[PDB]
Amino acid sequence: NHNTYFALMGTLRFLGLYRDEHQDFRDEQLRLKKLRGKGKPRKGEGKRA
Amino acid sequence: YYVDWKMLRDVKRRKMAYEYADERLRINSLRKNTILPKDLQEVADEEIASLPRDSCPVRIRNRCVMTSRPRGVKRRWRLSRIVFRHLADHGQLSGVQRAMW
Amino acid sequence: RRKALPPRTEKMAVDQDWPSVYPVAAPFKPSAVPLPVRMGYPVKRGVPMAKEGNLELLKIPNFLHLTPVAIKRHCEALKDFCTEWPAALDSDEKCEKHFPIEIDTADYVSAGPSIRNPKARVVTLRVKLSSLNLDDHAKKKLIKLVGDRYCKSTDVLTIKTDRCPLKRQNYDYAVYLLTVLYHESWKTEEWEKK
Amino acid sequence: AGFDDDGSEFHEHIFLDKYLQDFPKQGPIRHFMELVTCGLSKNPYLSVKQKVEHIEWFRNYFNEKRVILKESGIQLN
Amino acid sequence: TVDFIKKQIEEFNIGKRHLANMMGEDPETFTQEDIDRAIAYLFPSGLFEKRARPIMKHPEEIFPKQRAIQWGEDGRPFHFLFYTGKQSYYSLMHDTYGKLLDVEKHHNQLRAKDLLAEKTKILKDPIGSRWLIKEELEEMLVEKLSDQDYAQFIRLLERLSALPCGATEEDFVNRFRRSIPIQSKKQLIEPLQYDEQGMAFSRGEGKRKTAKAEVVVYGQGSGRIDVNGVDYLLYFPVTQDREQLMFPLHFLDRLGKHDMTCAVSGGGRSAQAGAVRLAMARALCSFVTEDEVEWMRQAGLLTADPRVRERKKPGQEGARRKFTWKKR
Amino acid sequence: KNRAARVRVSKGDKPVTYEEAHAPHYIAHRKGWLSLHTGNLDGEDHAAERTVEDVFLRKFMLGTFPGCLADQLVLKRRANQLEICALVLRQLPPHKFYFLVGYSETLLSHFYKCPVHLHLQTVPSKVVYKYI
Amino acid sequence: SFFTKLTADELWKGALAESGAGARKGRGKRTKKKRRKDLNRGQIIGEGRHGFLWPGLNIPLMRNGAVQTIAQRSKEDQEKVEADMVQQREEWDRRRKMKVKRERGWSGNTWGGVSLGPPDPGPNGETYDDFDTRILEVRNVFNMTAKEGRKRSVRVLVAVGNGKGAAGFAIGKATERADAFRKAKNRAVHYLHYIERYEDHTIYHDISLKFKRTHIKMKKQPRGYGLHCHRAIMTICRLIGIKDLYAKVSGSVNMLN
Amino acid sequence: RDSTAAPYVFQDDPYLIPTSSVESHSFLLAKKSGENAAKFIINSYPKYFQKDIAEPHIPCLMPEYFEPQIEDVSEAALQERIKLXXXXXXXXXXXXXXXXXXXXXXXXXXXXXXXXXXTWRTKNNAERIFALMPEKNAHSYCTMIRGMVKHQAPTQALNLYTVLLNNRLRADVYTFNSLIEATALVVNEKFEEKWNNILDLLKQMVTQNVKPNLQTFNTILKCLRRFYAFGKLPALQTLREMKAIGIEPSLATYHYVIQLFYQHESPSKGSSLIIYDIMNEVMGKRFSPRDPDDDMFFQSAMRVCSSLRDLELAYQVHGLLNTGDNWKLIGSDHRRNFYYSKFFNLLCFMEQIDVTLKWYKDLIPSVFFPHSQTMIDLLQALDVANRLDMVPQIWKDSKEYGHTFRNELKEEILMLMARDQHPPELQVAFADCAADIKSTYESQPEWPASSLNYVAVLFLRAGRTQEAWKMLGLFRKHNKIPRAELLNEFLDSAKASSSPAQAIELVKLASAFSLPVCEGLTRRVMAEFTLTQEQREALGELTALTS
Amino acid sequence: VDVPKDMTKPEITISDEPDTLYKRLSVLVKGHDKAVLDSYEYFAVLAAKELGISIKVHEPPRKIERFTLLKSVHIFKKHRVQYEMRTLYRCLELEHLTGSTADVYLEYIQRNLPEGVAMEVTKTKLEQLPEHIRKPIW
RNA sequence: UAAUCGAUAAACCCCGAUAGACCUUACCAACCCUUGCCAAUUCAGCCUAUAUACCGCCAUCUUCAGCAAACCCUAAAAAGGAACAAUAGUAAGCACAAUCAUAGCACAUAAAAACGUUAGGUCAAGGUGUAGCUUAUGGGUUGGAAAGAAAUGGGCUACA
Ligand SMILES: [Mg+2]
Ligand SMILES: [Mg+2]
Ligand SMILES: [Mg+2]
Ligand SMILES: [Mg+2]
Ligand SMILES: [Mg+2]
Ligand SMILES: [Mg+2]
Ligand SMILES: [Mg+2]
Ligand SMILES: [Mg+2]
Ligand SMILES: [Mg+2]
Ligand SMILES: [Mg+2]
Ligand SMILES: [Mg+2]
Ligand SMILES: [Mg+2]
Ligand SMILES: [Mg+2]
Ligand SMILES: [Mg+2]
Ligand SMILES: [Mg+2]
Ligand SMILES: [Mg+2]
Ligand SMILES: [Mg+2]
Ligand SMILES: [Mg+2]
Ligand SMILES: [Mg+2]
Ligand SMILES: [Mg+2]
Ligand SMILES: [Mg+2]
Ligand SMILES: [Mg+2]
Ligand SMILES: [Mg+2]
Ligand SMILES: [Mg+2]
């Protein structure tokens, strides 16, 4: 059950016991991309708006 | 999440096959015999056809656990030929070594 | 604040007993091991790495808790649990005539959280037909009843039961099979006369 | 260790003919069910209660499908 | 690293005492053949390379020969050939040349006095003496060595040995000599055995191409072979296989003088024939003199056949046959 | 060129460990396996479960002890109890080290339904075998 | 999904493409901006998103003589802590984005005449603290190799001098610019000339020298004519200790000659 | 048990091995905090551990659920919640909102839950158990008497006992386990009536056809300790009566007697024999910790020997601990630390130095680290027998063991050197130890002036004046000046070494601060000047002194 | 010198049930390396000789399982990587064993079993005859 | 044809695939769902493009031996560094070799083969920088993914 492992690891990372370098790198890259100006479009406005 | 949507579908197929294992076995017991009259065998075929598609054990695919690779996997370790090599070359698998003879 | 404590080597006594420091299996901590051992492939101008920080010494299973002195000390305490084997069965010739029945039972151990092994249910029964009260007709009927399970060169009947889930159930079923095979070999029915 | 199979013995597994009383003795139902009983007896992966479920399911199915067994030309109960 | 080795020596002594105490043997009688045995038991590392296994020896074997100090506190070098790069090899060469000159002048004086008391002490063929190898010389001299200088040293040693040897020169030149092992290839002859009032009974073993054959030979019976309970004629329909059986007996002219019983397993017809031929040849050594057993071994009867099928390689067909290589 | 489990040689200044300095073809010749269990024998079973547990342990411990781990872990499986041996740099105080080991000894036990032992060896720095 | 993750070392090695095959022969140099950021710089192992204060990681183990139970920060405290963490990110980015201007010995984009610092001390322990050195010429030298092809190696001319009349020059060639600088500095001190300076400000007499293909005409000047010479001869004379000189270079203007 | 090995609970790595008792306690506390934090996550997220892989299905590692199964049914919603404080209080209100009838068994658990955990809320709950339902007194007193005792309200127990005896219901053995305490704890100028009430209750206990267990005889001795120190006759009579019925007295039973004997032994030492001859009979059998109040038994039975300075009895009381269970008799680490320190306090000066050192290496680094008190006794053990070879060995361990107490034990650790003689073979031990103590205080911590007088004589017989002279300059610049005895002693060493250049610098700084023996120093320097032929400088310093 | 006293507190009872008898006890220990098996065999024989069991030791032939995988990732079948798994067996034979002696031997054997090896135990239980075959006539 | 993709000179062509009736399958046509696997996240998810941004894995030179840090020298130095009766060369290290495995040696095989060349293959084992989708380039169900005018590579069967 990959869901159990993923949820447990994420919960531990948020609580402050596990440090996930891959997720931290993903968050850093997402932060830099959003600061640059190309972020995640909101649902319901990508095509129409 | 899981590795892939294909793996997420395959685990559901395995769960459905586990749920419908006994019923399919009982129905096939009525089809794989010659003692019973052929009249009820057609009704049994209709009943087994009325079963959900993902209930038969023929839809399961032995993918890799780590990378969900549909082919190139070993049944003993449930791992693809590449993940197996990656783990074995680091010495993380006991008794596994390069063959030299 | 950083602190560096010297290991037990400077404090280990020369005549101090070894099993006291290694009573059970241990990960071979170099601080409690006074023996300077170098393990690893040496360099051309170098020497094999010392015990400190050596992963090679940690990889292998250590037998420091199974030194001969510790083995003797442990077995001295274990002598109280065992019973004395009767001398009346020193040779197998008397064992055959006293206990003709042989029960082969398989046991397996493997590292892991699970214990069930499908080969544990197998129980084998071996009975020498030369130690039974079979008559000529009973023996001739039993040989054909069992078929290939009984050999002629050694004259030992073998029962291979694996139907029962439990090992005790398999043993009881083997005993029942032996009982019925012995009993029904004496019954002569109407179809035997033809 | 830790598994007792509900305290059953070899006679709760090998012998299952006592559950075939509610079936025709001379019809093809006996011929069909003796094979499934033999299979269950040699099956070590199922429990005695689990085999009861299979045989009861067969009893229920045969007793539910009454028109087909009558139309087959062979009398069955 | 002078103090480091000294500390390691004390640590090794303490560890040896502790190992003896924990193993239960007397530390006074504890030696290396017990140290390695106890190490192999306490740390059973299963590795194919012997040098990778745990080892606890004296530091002088583990650490290499460390170069001694060359100069004092004032900086003046000790040896007078320090600035020559190789103060050990060049000092040895200088001493050898000085001894050669001393031998030459002493021999000239002896010839002037018309006296001959020296003998030829250079022929060491029966002893089996050889010259030092480059590694052996690098063991004696801590500094590294080359090939040309080693050749020069050997050619000077032979020049020195070619002259009338002195009293102190022979012992100096002998320390550069090494003994060679016995090069005798003579095999061991099994003694004749007498089992169950049976005279002239011998046994031999042979292997060829995954075929193991054990042959017992009786020297008092007639000439016949019993293989696997059946006669050789029935067991080997092919004449070449029976010629394999005839090959050893015909070489010794013992066709009708020995009775042989063989048990051979594995391999095919030819492999079994070769295995039984080898076993019979090895077994017949006891019934023959030492002159003809050497003739058999020179004819190829007492030697094994290492020709074994090679393992198939990946990407190939028969370990040699490559796939059809298309140029374009 | 073979590149599996092989650290490329730099100009001659990078520090490497004994395990890293040996190519994978030297396994069982010059270096041993990082994990030992009975699942990889001939007539045994349950090998995939052991492998997935081992890889989960690797990934969990890497995040549990970030930046202070010296080399790969040693996972010994011996009669239903699992021993985990690690080499850790002495960067964290023992007060935090004991907290982490006490946390792990119970978390892994309750997650894998088996007793676990955790052993740590503190090193001043990563041990260098080849050129540094 | 958890088993699909890798380590930060491999993630950065793949993202930066430092060992890429296109940057080997010279196809790169288009975007020369390589920066690797350590994500474990200011992350406390006890801190988390939910704000739990563990007794062994975040808060001290014993407070007021008793044991501390598992506690959680308030929303305002968590906002304050995350605001401080965010402020640290921009504080580090401020230092990272700032680049100190390089030395302009002769021009803003050259290494001629720039200061390189005192040379490294010798093996015996002699330290050259009064010695100052300057770079006269930096040139990228290429060589044709059988396998790689062009082999770029930097050759640097470096001149040392103490200002008391002792000075020298050397050439250091190496694959890396810093290695060439170090080799030139460590080799210049071995070749030192002594220059006789009249009154320690000028030369004794005018000299007209004809080198391989370079003609140098230097004339003695009084105290008021300070170093009206070539842009490299002025640096060399400043290192030597000459304060007044007029020099004209005719013919080839090769730096080494 | 191993001698040079740390306890198994701590990690064997030296960087994780605790150094002091506080560090040992802190490491275990931190590890237990991590274990509790992990269990908190396990309980808060059960779904991440519901999958079971072990075949035997061990229940100890399964997550625990804090939520009650049934919420709508009032009857079924109370049993789940009582076993798991504040939430249990609302269960009674929720059940009573629907006017649900509560039986005599459901309310007993609710009352016990309040009694175990938890002033006016207690009365508000007590009125609800009595006025609402006619509950059985057996379920009444077990809560009321055990709850009102901790609330300093013992008057209700006596009132409830009258109703209990009137209801024709016998009182269990547990009722008198608290009634005697409730009666005894209140003392208003009288003790005989309070003690007679206990006697009347004990007499009624046998009439009620209920055998009093060991707890009644343990609690009467608990009550007889705080009030009267001369009430040993009833305690001994009850101890004798305990042996008559046939039940062995527990460890706490002897502990209570020993506490009062320790109280009464200060004025008269004749009671110590009764302390000594009672443990001999109890040491001959193997005991088991069947009473939770047995932790103080050894704490009180060894403190008497420690105070009375007995070692043959300390050996026996330690053998009693080591006979049955070496660890299941001490609960907290504070008691173990206070035990071992005063246990080793007697093994130093009484027995020989060899056995003292033999016991030193298996108790100090192995079991637990001493306090500042044992360090003084260890120093007192050395100077009496003139043991100087082991001084550095004790000192190097003291750096890690009593580092916190170093500032208060350093003035005493160095004083022993002034009483013994310094052999010529003991120069390095006096040099390295003196260097290691001077290298730390001047780099950062009051520095006593007595250590300078010791280091002056340490180098006096060693012939090392160069290193001895430089240390005096470090102290004379610290704005503190020692007595002139050290100056006079070092003048002899300077005269022996023929260094007139030292005393001239010494006196010119010593006489400037008005030392009481400056006249003696000025007389002593003239003696060395004549033999050193320094008459030219003899008057040179006289002129400076005059000016 | 601080040796605790009365440290031996066993609980051994002799039940009236007859003890189980065993004819032959075969212990087949399988592992990856040979040094571990040799050390384990030495330990086992040293333990057995003290108890007086007359253990017999022989080495069954090893088994090597080899397989082949692709060397590259996407497309390279001409080049392969072959992996090998060695399994070495050690056989310990015990004869004339009792139910309690076998139990106490297996206690000291299995508790100290190395992590890298497994063990198969085969017992030859001894019985005289079942009750229904002593002297029955149908 | 509505019906994948990549490889496609040595180094592709029974190659990814040690493997396709549904699933596999990323292809197409018909139909449904859009904070849509996870505790949460103006978030998930993309087999979308870029192998000319990569890591991980390999191919070829390749059973060729060279690569290379620190130095030193040249009547300047782009670069080179050798004469054994020796003329400026010392050189850690990686390669080669040795060792290891095919349960005894020797041989053979196996294994190994550095630095780099081919911007060689692989975004489709897996993650990924950059650029693009969010009631769709995302997620599910059913049914179809032919056929050979023709050419060619590799194998089996034979032509006795
Ligand atoms: Mg994916
Ligand atoms: Mg072929
Ligand atoms: Mg500019
Ligand atoms: Mg120009
Ligand atoms: Mg295609
Ligand atoms: Mg294409
Ligand atoms: Mg190509
Ligand atoms: Mg479909
Ligand atoms: Mg399809
Ligand atoms: Mg898609
Ligand atoms: Mg490319
Ligand atoms: Mg070469
Ligand atoms: Mg050059
Ligand atoms: Mg080199
Ligand atoms: Mg070999
Ligand atoms: Mg070879
Ligand atoms: Mg090859
Ligand atoms: Mg090689
Ligand atoms: Mg390309
Ligand atoms: Mg391509
Ligand atoms: Mg991708
Ligand atoms: Mg693509
Ligand atoms: Mg074709
Ligand atoms: Mg092909």
# chains A, B, ... in the order shown; residues from 1 in each chain; ligands from 1
$ residues_near_ligand --ligand "ligand 20" --cutoff "9 Å" --atoms "only C-alpha atoms (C1' of nucleotides) and all ligand atoms" --output "PyMOL selection string"
chain J and resi 6-7+51+120-122
$ residues_around --residues "residue B:17" --least-positions-apart "5" --cutoff "6 Å" --atoms "only C-alpha atoms (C1' of nucleotides)" --output "ChimeraX atom specification"
/B:55-57
$ write_last_selection --atoms "N, CA, C and O atoms" --output "PDB file, in the first residue's frame"
ATOM      1  N   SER B  55     -13.256  -8.694 -12.225  1.00  0.00           N
ATOM      2  CA  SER B  55     -13.274  -9.767 -11.240  1.00  0.00           C
ATOM      3  C   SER B  55     -12.443 -10.973 -11.655  1.00  0.00           C
ATOM      4  O   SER B  55     -11.979 -11.715 -10.784  1.00  0.00           O
ATOM      5  N   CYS B  56     -12.249 -11.188 -12.955  1.00  0.00           N
ATOM      6  CA  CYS B  56     -11.490 -12.344 -13.413  1.00  0.00           C
ATOM      7  C   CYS B  56     -10.003 -12.155 -13.128  1.00  0.00           C
ATOM      8  O   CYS B  56      -9.481 -11.043 -13.256  1.00  0.00           O
ATOM      9  N   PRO B  57      -9.297 -13.223 -12.745  1.00  0.00           N
ATOM     10  CA  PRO B  57      -7.856 -13.104 -12.470  1.00  0.00           C
ATOM     11  C   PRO B  57      -6.996 -12.967 -13.716  1.00  0.00           C
ATOM     12  O   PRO B  57      -5.767 -13.034 -13.605  1.00  0.00           O
TER      13      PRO B  57
END
$ residues_near_ligand --ligand "ligand 5" --cutoff "12 Å" --atoms "only C-alpha atoms (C1' of nucleotides) and all ligand atoms" --output "count of residues only"
8
$ select_by_dssp --residues "chain F" --states "strand (DSSP E or B)" --output "MDAnalysis selection string"
chainID F and resid 27 31 35:36 69 74:78 81:89 116:123
$ residues_around --residues "residue A:13" --least-positions-apart "5" --cutoff "9 Å" --atoms "only C-alpha atoms (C1' of nucleotides)" --output "PDB file with N, CA and C atoms, in the first residue's frame"
ATOM      1  N   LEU A   8       2.130   8.452   5.698  1.00  0.00           N
ATOM      2  CA  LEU A   8       2.901   8.432   6.936  1.00  0.00           C
ATOM      3  C   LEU A   8       4.139   9.309   6.825  1.00  0.00           C
ATOM      4  N   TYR A  18      10.661  13.515  10.020  1.00  0.00           N
ATOM      5  CA  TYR A  18      11.304  13.094   8.786  1.00  0.00           C
ATOM      6  C   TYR A  18      11.573  14.307   7.907  1.00  0.00           C
ATOM      7  N   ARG A  19      12.732  14.315   7.255  1.00  0.00           N
ATOM      8  CA  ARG A  19      13.120  15.393   6.349  1.00  0.00           C
ATOM      9  C   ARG A  19      13.255  14.796   4.951  1.00  0.00           C
ATOM     10  N   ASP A  20      12.322  15.146   4.069  1.00  0.00           N
ATOM     11  CA  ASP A  20      12.284  14.599   2.718  1.00  0.00           C
ATOM     12  C   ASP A  20      12.970  15.575   1.770  1.00  0.00           C
TER      13      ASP A  20
ATOM     14  N   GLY F  63      16.154  10.278   5.945  1.00  0.00           N
ATOM     15  CA  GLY F  63      15.495  11.490   6.391  1.00  0.00           C
ATOM     16  C   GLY F  63      15.483  11.642   7.898  1.00  0.00           C
TER      17      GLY F  63
ATOM     18  N   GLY G  48       8.559  21.791  12.465  1.00  0.00           N
ATOM     19  CA  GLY G  48       7.672  21.199  11.486  1.00  0.00           C
ATOM     20  C   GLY G  48       6.523  22.106  11.098  1.00  0.00           C
ATOM     21  N   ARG G  49       5.680  21.639  10.177  1.00  0.00           N
ATOM     22  CA  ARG G  49       4.548  22.440   9.723  1.00  0.00           C
ATOM     23  C   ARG G  49       3.459  22.552  10.781  1.00  0.00           C
TER      24      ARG G  49
END
$ residues_around --residues "stretch 45-50 of chain D" --least-positions-apart "4" --cutoff "9 Å" --atoms "only C-alpha atoms (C1' of nucleotides)" --output "VMD selection string"
(chain C and resid 164 to 165) or (chain D and resid 5 to 6 8 12 to 13 40 54)
$ write_last_selection --atoms "N, CA and C atoms" --output "PDB file, in the first residue's frame"
ATOM      1  N   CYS C 164      -3.872 -32.707   5.661  1.00  0.00           N
ATOM      2  CA  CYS C 164      -4.282 -31.944   6.826  1.00  0.00           C
ATOM      3  C   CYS C 164      -3.507 -30.631   6.922  1.00  0.00           C
ATOM      4  N   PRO C 165      -4.171 -29.552   7.341  1.00  0.00           N
ATOM      5  CA  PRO C 165      -3.470 -28.271   7.508  1.00  0.00           C
ATOM      6  C   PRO C 165      -2.450 -28.298   8.635  1.00  0.00           C
TER       7      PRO C 165
ATOM      8  N   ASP D   5      -6.404 -24.056  14.127  1.00  0.00           N
ATOM      9  CA  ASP D   5      -7.442 -24.465  13.178  1.00  0.00           C
ATOM     10  C   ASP D   5      -8.755 -24.773  13.899  1.00  0.00           C
ATOM     11  N   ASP D   6      -9.097 -23.914  14.862  1.00  0.00           N
ATOM     12  CA  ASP D   6     -10.322 -24.035  15.653  1.00  0.00           C
ATOM     13  C   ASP D   6     -10.376 -25.357  16.418  1.00  0.00           C
ATOM     14  N   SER D   8      -9.756 -28.342  15.401  1.00  0.00           N
ATOM     15  CA  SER D   8     -10.264 -29.466  14.633  1.00  0.00           C
ATOM     16  C   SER D   8      -9.191 -30.539  14.478  1.00  0.00           C
ATOM     17  N   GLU D  12     -12.409 -33.934  10.822  1.00  0.00           N
ATOM     18  CA  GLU D  12     -13.197 -32.788  10.394  1.00  0.00           C
ATOM     19  C   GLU D  12     -12.819 -32.306   9.002  1.00  0.00           C
ATOM     20  N   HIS D  13     -11.675 -32.744   8.479  1.00  0.00           N
ATOM     21  CA  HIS D  13     -11.198 -32.334   7.164  1.00  0.00           C
ATOM     22  C   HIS D  13     -11.353 -33.428   6.115  1.00  0.00           C
ATOM     23  N   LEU D  40     -11.707 -30.866  -1.282  1.00  0.00           N
ATOM     24  CA  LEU D  40     -11.669 -30.160  -0.006  1.00  0.00           C
ATOM     25  C   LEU D  40     -10.897 -30.947   1.045  1.00  0.00           C
ATOM     26  N   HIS D  54     -18.766 -23.715   1.153  1.00  0.00           N
ATOM     27  CA  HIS D  54     -18.843 -24.175  -0.232  1.00  0.00           C
ATOM     28  C   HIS D  54     -19.945 -25.213  -0.410  1.00  0.00           C
TER      29      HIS D  54
END
$ residues_near_ligand --ligand "ligand 15" --cutoff "9 Å" --atoms "only C-alpha atoms (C1' of nucleotides) and all ligand atoms" --output "ChimeraX atom specification"
/J:100-105
$ write_last_selection --atoms "C-alpha atoms (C1' of nucleotides)" --output "PDB file, in the first residue's frame"
ATOM      1  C1'   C J 100      39.770 -12.946  -7.349  1.00  0.00           C
ATOM      2  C1'   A J 101      35.496 -16.840  -9.719  1.00  0.00           C
ATOM      3  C1'   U J 102      34.792 -21.513 -13.010  1.00  0.00           C
ATOM      4  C1'   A J 103      35.939 -25.183  -5.080  1.00  0.00           C
ATOM      5  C1'   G J 104      43.860 -28.302  -6.238  1.00  0.00           C
ATOM      6  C1'   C J 105      47.742 -26.140  -9.431  1.00  0.00           C
TER       7        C J 105
END
$ residues_near_ligand --ligand "ligand 21" --cutoff "9 Å" --atoms "only C-alpha atoms (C1' of nucleotides) and all ligand atoms" --output "list in words"
residues 47, 123, 124, 126, 127 and 128 of chain J
$ write_last_selection --atoms "N, CA, C and O atoms (P, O5', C5', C4', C3', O3' and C1' of nucleotides)" --output "PDB file, in the first residue's frame"
ATOM      1  P     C J  47       2.863  10.663 -17.608  1.00  0.00           P
ATOM      2  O5'   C J  47       3.869  10.266 -18.776  1.00  0.00           O
ATOM      3  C5'   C J  47       4.167  11.180 -19.826  1.00  0.00           C
ATOM      4  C4'   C J  47       3.883  10.576 -21.179  1.00  0.00           C
ATOM      5  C3'   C J  47       2.416  10.254 -21.449  1.00  0.00           C
ATOM      6  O3'   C J  47       2.137  10.433 -22.838  1.00  0.00           O
ATOM      7  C1'   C J  47       3.692   8.260 -21.524  1.00  0.00           C
ATOM      8  P     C J 123      13.038   8.403 -24.779  1.00  0.00           P
ATOM      9  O5'   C J 123      12.829   9.349 -23.515  1.00  0.00           O
ATOM     10  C5'   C J 123      11.671  10.167 -23.399  1.00  0.00           C
ATOM     11  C4'   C J 123      11.367  10.493 -21.958  1.00  0.00           C
ATOM     12  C3'   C J 123      10.160  11.400 -21.738  1.00  0.00           C
ATOM     13  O3'   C J 123       9.521  11.052 -20.511  1.00  0.00           O
ATOM     14  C1'   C J 123      12.104  12.454 -20.897  1.00  0.00           C
ATOM     15  P     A J 124       8.092  10.317 -20.528  1.00  0.00           P
ATOM     16  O5'   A J 124       8.443   8.802 -20.875  1.00  0.00           O
ATOM     17  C5'   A J 124       8.938   7.919 -19.873  1.00  0.00           C
ATOM     18  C4'   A J 124       9.145   6.523 -20.407  1.00  0.00           C
ATOM     19  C3'   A J 124      10.378   6.334 -21.288  1.00  0.00           C
ATOM     20  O3'   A J 124      10.886   5.014 -21.106  1.00  0.00           O
ATOM     21  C1'   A J 124       8.439   5.813 -22.530  1.00  0.00           C
ATOM     22  P     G J 126       8.886   5.099 -16.229  1.00  0.00           P
ATOM     23  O5'   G J 126       9.519   5.644 -14.874  1.00  0.00           O
ATOM     24  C5'   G J 126       9.100   5.148 -13.612  1.00  0.00           C
ATOM     25  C4'   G J 126      10.012   5.632 -12.515  1.00  0.00           C
ATOM     26  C3'   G J 126      10.284   7.129 -12.510  1.00  0.00           C
ATOM     27  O3'   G J 126       9.275   7.856 -11.831  1.00  0.00           O
ATOM     28  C1'   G J 126      12.330   5.953 -12.351  1.00  0.00           C
ATOM     29  P     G J 127       8.681   9.210 -12.458  1.00  0.00           P
ATOM     30  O5'   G J 127       9.521  10.361 -11.748  1.00  0.00           O
ATOM     31  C5'   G J 127       9.651  10.407 -10.334  1.00  0.00           C
ATOM     32  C4'   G J 127      10.866  11.201  -9.929  1.00  0.00           C
ATOM     33  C3'   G J 127      10.980  12.582 -10.557  1.00  0.00           C
ATOM     34  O3'   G J 127      10.247  13.558  -9.835  1.00  0.00           O
ATOM     35  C1'   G J 127      13.031  11.426 -10.804  1.00  0.00           C
ATOM     36  P     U J 128      10.015  15.024 -10.446  1.00  0.00           P
ATOM     37  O5'   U J 128      11.403  15.766 -10.204  1.00  0.00           O
ATOM     38  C5'   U J 128      11.735  16.940 -10.929  1.00  0.00           C
ATOM     39  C4'   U J 128      13.100  16.830 -11.560  1.00  0.00           C
ATOM     40  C3'   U J 128      13.339  17.707 -12.779  1.00  0.00           C
ATOM     41  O3'   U J 128      13.698  19.036 -12.439  1.00  0.00           O
ATOM     42  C1'   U J 128      14.058  15.501 -13.238  1.00  0.00           C
TER      43        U J 128
END
$ interface_residues --of "chain B" --to "chain A" --cutoff "10 Å" --atoms "only C-alpha atoms" --output "VMD selection string"
chain B and resid 1 to 3 8 11 65 to 66
$ interface_residues --of "chain B" --to "chain C" --cutoff "12 Å" --atoms "only C-alpha atoms" --output "PyMOL selection string"
chain B and resi 91-92+94
$ residues_around --residues "residue J:55" --least-positions-apart "6" --cutoff "8 Å" --atoms "only C-alpha atoms (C1' of nucleotides)" --output "PyMOL selection string"
(chain G and resi 10-11+13-15+17) or (chain J and resi 128)
$ write_last_selection --atoms "C-alpha atoms (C1' of nucleotides)" --output "PDB file, in the first residue's frame"
ATOM      1  CA  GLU G  10      21.338  13.186  -7.233  1.00  0.00           C
ATOM      2  CA  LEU G  11      18.543  15.734  -7.711  1.00  0.00           C
ATOM      3  CA  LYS G  13      23.455  16.603 -10.030  1.00  0.00           C
ATOM      4  CA  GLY G  14      20.666  15.987 -12.539  1.00  0.00           C
ATOM      5  CA  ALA G  15      19.231  19.502 -12.387  1.00  0.00           C
ATOM      6  CA  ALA G  17      23.758  19.091 -15.594  1.00  0.00           C
TER       7      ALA G  17
ATOM      8  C1'   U J 128      14.058  15.501 -13.238  1.00  0.00           C
TER       9        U J 128
END
